[PDB]
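Residues in the first sequence are numbered consecutively from 9, following the deposited numbering. Every residue gets a Cβ at the ideal spot worked out from N, C-alpha and C, and that includes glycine. Single-structure report; data block below.
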Amino acid sequence: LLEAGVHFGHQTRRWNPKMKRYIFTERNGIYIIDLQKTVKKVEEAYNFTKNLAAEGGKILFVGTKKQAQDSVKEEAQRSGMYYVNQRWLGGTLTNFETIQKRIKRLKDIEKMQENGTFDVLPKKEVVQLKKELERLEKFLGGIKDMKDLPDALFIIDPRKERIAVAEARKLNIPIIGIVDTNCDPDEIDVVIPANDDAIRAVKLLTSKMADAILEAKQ
RNA sequence: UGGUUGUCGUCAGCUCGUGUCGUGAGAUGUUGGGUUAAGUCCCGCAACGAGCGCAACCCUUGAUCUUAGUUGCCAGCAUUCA
Numbered sequence: 009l010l011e012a013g014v015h016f017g018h019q020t021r022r023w024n025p026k027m028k029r030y031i032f033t034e035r036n037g038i039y040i041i042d043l044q045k046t047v048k049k050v051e052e053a054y055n056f057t058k059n060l061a062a063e064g065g066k067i068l069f070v071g072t073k074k075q076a077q078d079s080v081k082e083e084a085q086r087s088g089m090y091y092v093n094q095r096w097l098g099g100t101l102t103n104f105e106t107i108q109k110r111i112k113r114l115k116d117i118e119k120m121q122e123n124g125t126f127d128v129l130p131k132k133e134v135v136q137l138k139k140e141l142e143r144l145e146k147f148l149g150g151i152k153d154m155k156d157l158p159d160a161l162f163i164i165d166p167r168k169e170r171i172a173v174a175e176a177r178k179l180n181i182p183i184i185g186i187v188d189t190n191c192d193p194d195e196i197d198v199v200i201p202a203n204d205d206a207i208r209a210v211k212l213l214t215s216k217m218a219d220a221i222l223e224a225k226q
């Protein structure tokens, strides 16, 4: 674990008191996360992600934070599961039907590029249907092949991704969440008390879940 | 009284559904950052590509192609006052 920077939390002025149960001491005006609770909390997560994948359940990684974007993506694609990496769209889950309508439309613009329909209309169309595609793939490229709602979310930094959390709860979707000290643990079903700010930390902890999907599929 | 006249005729916006926010009336998107002649456009953002009015749809003029060459046209030939 801590070669990767997981133990390091946020400062003391931005704690949440519910994270007291997961904190072991403050040093240079930063809380330290208790690695002996982490490991067990990572192990409990790992079994819950393993069991869920073996039932054929679909997990949606969600890391819009600059230090999760690439991590999430690489680990979602490796794991053959959905991601959101760029911006969580209001009503991604609750309003899933109206997103589905743009996943159709994105896939419909691709088929227009693949049949050479883009050579018949132009110049005006093509500008605005690349521009629509570029924009749609950006935001919806991770969830492109998700036909039905995910059976759980893997979140990173719930306090940034509040909307994703808020949504998941409203559909009783289980969530799996890297919480730093700042973050409320009670929102989340399976909690991983850890750094979300350090790239190695996230990359480590996502990868172990990805692994946990891959080992179920075997 | 009908109808038809004059007379305030453009002059400024209304939104996609569901989702979201409030006990509720409502608010959001359709408060922000630039931009345009603009009711424009991009970037936004618990709202998400983009919608109706606008414009266009009608008619006319500006270039050129295809078809049609007669009663139109004559460059190239015969002509003659033409």
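- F69 has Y91, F162 as its beta-bridge partners, per DSSP.
- Contact holds between the region 9 to 20 and the region 207 to 216, because three or more Cβ pairs, one in each stretch, are under 8 Å apart.
- With 16 or more other Cβ atoms from the protein chains shown falling within 10 Å of its own Cβ, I67 counts as buried.
- Around the beta carbon of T106, fewer than 16 other beta carbons lie within 10 angstroms, which makes this residue exposed.
- For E34, the enclosing beta strand (DSSP E) begins and ends at 31 to 35.
- With fewer than 16 other Cβ atoms from the protein chains shown falling within 10 Å of its own Cβ, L129 counts as exposed.
- Runs of the alpha helix (DSSP H) spanning 4 or more residues and lying entirely within the region 122 to 196 occur at 132 to 148, 170 to 178, in chain order.
- Annotation: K74 to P182 spans about 24 Å, alpha carbon to alpha carbon.
- DSSP, read as helix, strand or coil, puts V14 in coil.
- In the displayed model, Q19 falls within a strand according to three-state DSSP.
- Taking 7 Å as the cut-off, the Cβ atoms of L101 and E175 count as close.
- If the five residues before and after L144 are omitted, its C-beta is found closer than 8 Å to the C-beta atoms of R110, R113, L114, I117, all from its own chain and listed in chain order.
- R177 has its alpha-carbon roughly 26 Å from the corresponding atom of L212.
- The beta-carbon distance between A224 and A62, rounded to whole angstroms, is 4 Å. This is short enough to meet the 8 Å contact definition.
- Apart from the 5 residues on each side of it in sequence, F147 sits with its Cβ closer than 7 Å to the Cβ of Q94, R95, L97 in its chain, given in chain order.
- Shortest Cα-Cα distance from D165 to any of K216, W23, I41, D188 involves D188.
- If you draw a straight line from the Cα of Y30 to the Cα of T46, it is about 8 Å long.
- Per DSSP, the beta bridge partners of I38 are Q19, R35.
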